[PDB]
């Protein structure tokens, strides 16, 4: 059995650069970035899936903001501003706020027809219940 296919490795399952390159959507966007962090085993301490579908929660809001800023060269980035970005998604039907729960948002389920992966397949690949 020479032809070995040991899947991927230890890198974000859905990296932002590739997603954005694939869709030719322009420079990387906030939701694409959060998607990368979420499909990456290591990032799991400051951002994770709540287990309920596409609902995710920013366990440590500032760590996520710090990286968002470091990624776009916006040193003064933080959650108060990062979140304004999310609120604009409410109309564009991309992400919605999970009312009543601190730091909790949910992608619209149509992300599944774009990614090709099911929230459950993604949960499995990583490790969440």
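Numbering follows the first chain given and starts at 1.
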- [ ] Pick between 112-120 and 8-16: the one whose mean CA B-factor in the entry is higher.
- [x] 8-16
- [ ] Using the B-factors recorded in the PDB entry, average over the C-alpha atoms of 53-61 and of 79-87, then report which stretch comes out higher.
- [x] 53-61
- [ ] Classify residue 73 as lowest, middle or highest third according to the C-alpha B-factor given in the PDB entry, relative to its own chain.
- [x] middle
TODO: Sort the modelled residues of this chain by their C-alpha B factor and say whether residue 29 lands in the lowest, middle or highest third.
DONE: lowest
